[PDB]
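A.B. asks: experimental coordinates for this protein are included below, preceded by the sequence.
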Protein chains: 2
Amino acid sequence: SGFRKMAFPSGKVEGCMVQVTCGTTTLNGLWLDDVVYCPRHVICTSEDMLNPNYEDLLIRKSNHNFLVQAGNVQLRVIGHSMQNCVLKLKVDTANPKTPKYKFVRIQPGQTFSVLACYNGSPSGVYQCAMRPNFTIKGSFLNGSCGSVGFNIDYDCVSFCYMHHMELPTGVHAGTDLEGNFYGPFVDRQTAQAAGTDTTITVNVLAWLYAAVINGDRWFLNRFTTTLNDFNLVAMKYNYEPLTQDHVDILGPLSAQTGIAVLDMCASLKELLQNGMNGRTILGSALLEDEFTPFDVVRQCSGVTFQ
Amino acid sequence: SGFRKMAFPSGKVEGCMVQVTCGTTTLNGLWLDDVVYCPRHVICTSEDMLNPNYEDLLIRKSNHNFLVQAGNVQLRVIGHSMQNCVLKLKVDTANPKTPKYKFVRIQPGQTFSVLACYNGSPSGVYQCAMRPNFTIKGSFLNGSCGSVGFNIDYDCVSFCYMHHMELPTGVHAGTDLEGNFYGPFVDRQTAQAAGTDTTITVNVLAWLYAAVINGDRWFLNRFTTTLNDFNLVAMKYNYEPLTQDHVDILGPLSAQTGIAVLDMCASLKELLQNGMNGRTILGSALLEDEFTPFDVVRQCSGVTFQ
Ligand SMILES: *[C@H](O)[C@H](C[C@@H]1CCNC1=O)NC(=O)[C@@H](NC(=O)OCc1ccccc1)[C@H](C)OC(C)(C)C
Ligand SMILES: *[C@H](O)[C@H](C[C@@H]1CCNC1=O)NC(=O)[C@@H](NC(=O)OCc1ccccc1)[C@H](C)OC(C)(C)C
């Protein structure tokens, strides 16, 4: 038993991280087969990042302008091209550690593992959720750009995120691996800010199921409610509406605990209206929304990966 | 910026995990050079685990009784011996992925990364603290025994923990890699339970410094206090006493924020006596004690590992 915020083993991604230096900018790249993927703003300078024309900026670059280092081994760049907000640097060596992978874009509400990196060297790993406002509450310092987010399914690494920038509230914004930003953000210096967020309702319910599975039951109750009457309370507390599909997804959890989904909603209603009255749930004094139904099932059952 | 509970990259440990099967017991082992380390209760059966005599149990075993599988490759056992509560299974192949490593025993208050494993296959990674009562609040299901805890310093993996069992409150107990249990626990079936815990005071202060570094300042105040008057409040709220050495360790954090250590104590005093009044710190509604001063400095500065 136990429930902890848990990331995927990072080893398969660690073997793909490299360092990309261009000019006086250094960041991380992702080396898969004979391509290194990195944020395009590596070609920018300090005055460029005011209103750049990345298309103009890249035509003025050379292959030899890109210093790519895999550990203490230099990689020779033999081609470059831009895909939306990422660069694709073709190198003369396929990464022998290329795992099976896919480039997948995730939905707000979904989680992934972030391998934070500096100078091509992995620093730490942690779990993140894509917020409804397409930001992520990560931990990123100067030099972390190009760190990727990912999920692992058996042996296949689905890359979903590449880090680009920090917004002024301290949250983080980036792209999928095809270079398309999550949310209404751009890789140039503007006054852009996060935008209004909401609580991921289905994840809170999944986490309440994780709690019940792990012996925290004090928030349970005999009440019930309709989906409609629940969604009126959700909208008042800035929670996302709950759909019938969310109820279906919660089915396995409901059946394992014997607590019907709408019963758990009634529990969440009371939690939202009364607070916790000094108690905790899974060691938290807040309702947690960064665990998906899949995350709970995975951890309260025990899946692995080769 | 940002502050998230962050584990070390797990890749170096992933390449050491294997599966050890003996009889109808299967668990994880740690393969370093030509030795596989695993919990000794792999030699036990269901009736054995009532009051075993592991010494008697092992003399009746053969090398061929131990099925060790590294991925889809079998490892041939050529010797076995017991070190306290761990087995040492000598195999005919050195692990070519053996990182530089050390076996280190940690102190309550210190943190480490756990690579949770099932059937020799890594499942997830997360950060844990050794509680004052020598338990860890982990996430462990049937088959996770032999999963290890570790820290990484540049390229060297200091293994500190090997998982053995779950206590009835849902917390976890294990050994250092020399087979010596953390705390007053045994690898046989008794009514043993966790014992009284306390809050790691120095870690809470380090986390309050992480908050200030990240822009949460509402809990700051102009008050101060003596170390003595603080320790009277700590003892009332079941906090560990704060020593002058803890103050010294907090020096770098104090100097970077400009908040003297004893000023932060005065802030913690008020937090303990008044609560948070509906506010949060680093996204928590509780005072967090599972980040060491080193963890905060590492994350609020950005160290990496090759
Ligand atoms: C890339 O390594 C860098 C990562 C951020 C630095 C701090 N935390 C990060 O996530 N990205 C940038 O520096 C971008 N700018 C940016 O994040 O500005 C806000 C900021 C906050 C705190 C410290 C520094 C910066 C880049 C340079 O800017 C564009 C993406 C618009 C080109
Ligand atoms: C080894 O894989 C196993 C891991 C625990 C199972 C559940 N969570 C764990 O951490 N260790 C054991 O099964 C030990 N017993 C034990 O933990 O009993 C309590 C328990 C709680 C919940 C589910 C199952 C068991 C071993 C078998 O017992 C001795 C170490 C005393 C021999």
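C.D. replies: That came through fine. Numbers count the residues shown, from 1 in each chain, chains lettered A, B, ... in the order given. Ligands and ions are numbered 1, 2, ... in the order given.
A.B. asks: my guess is residue A:224 contacts residue A:264, does it?
C.D. replies: No - using C-beta atoms under 8 Å, residue A:224 is not in contact with residue A:264, being 9.7 Å away. All C-beta spots, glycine's among them, are computed from the backbone N, C-alpha and C.
A.B. asks: more crowded one of those two?
C.D. replies: residue A:264 (27 against 15; other C-beta atoms under 10 Å in any protein chain shown).
A.B. asks: so what's that one up against?
C.D. replies: A:205, A:208, A:209, A:250, A:254 (C-beta atoms under 8 Å, 6 or more residues apart in numbering or on different chains).
A.B. asks: one more time with 10 Å
C.D. replies: A:204-206, A:208-209, A:212, A:219-221, A:224-225, A:230, A:247, A:250, A:253-254, A:257 (C-beta atoms under 10 Å, 6 or more residues apart in numbering or on different chains).
A.B. asks: which residues in the stretch 51-200 of chain A form strands?
C.D. replies: Ranges of strands in the stretch 51-200 of chain A, per DSSP state E, counting those that start in this stretch, are A:67-70, A:73-75, A:77-83, A:86-91, A:101-103, A:111-118, A:121-129, A:148-153, A:156-166, A:172-175.
A.B. asks: only whichever of the contacts of residue A:264 are buried, select them in PyMOL.
C.D. replies: The buried subset of the contacts of residue A:264, as determined by 16 or more other C-beta atoms under 10 Å in any protein chain shown, is captured in PyMOL by this line:
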select buried, chain A and resi 204+205+206+208+209+212+219+220+225+230+247+250+253+254+257
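A.B. asks: in helices, which of the contacts of residue A:264 appear?
C.D. replies: Using DSSP state H, the members of the contacts of residue A:264 that fall in helices are A:204, A:205, A:206, A:208, A:209, A:212, A:230, A:247, A:253, A:254, A:257.
A.B. asks: the first one reaches residue A:296, doesn't it?
C.D. replies: Right, residue A:204. No - contact between residue A:204 and residue A:296 fails when scored by C-beta atoms under 10 Å: they sit 11.1 Å apart.
A.B. asks: so which bits of chain A are right by ligand 1?
C.D. replies: Residues of chain A lying close to ligand 1 (C-beta under 6 Å from any ligand atom) are A:27, A:41, A:44, A:49, A:140-145, A:164-166, A:172, A:187-189.
A.B. asks: ok, 5 Å please
C.D. replies: Within chain A, the positions lying close to ligand 1 (C-beta under 5 Å from any ligand atom) are A:41, A:49, A:140, A:142, A:143, A:145, A:165, A:166, A:187, A:189.
A.B. asks: number of nearby residues for residue A:99?
C.D. replies: 16.
A.B. asks: was I right to think it contacts residue A:8?
C.D. replies: No - the criterion here is C-beta under 10 Å, and residue A:99 misses it with residue A:8 at 11.7 Å.
A.B. asks: give the residues shared as contacts by those two.
C.D. replies: A:150, A:152, A:157.
A.B. asks: can you pull the contacts of the first one?
C.D. replies: With contacts taken as C-beta under 10 Å, 6+ apart, residue A:150 has the following neighbours: A:7-8, A:10, A:12-13, A:16, A:30, A:99, A:101-102, A:104, A:112-115, A:125, A:157-161, A:177.
A.B. asks: give me that answer again for 8 Å
C.D. replies: Contacts of residue A:150 (C-beta under 8 Å, 6+ apart): A:8, A:13, A:112, A:113, A:115, A:157, A:158, A:159, A:160, A:161.
A.B. asks: if I look at residue A:206, how far off is ligand 2?
C.D. replies: 21 Å (C-beta to the nearest ligand atom, to the nearest Å).
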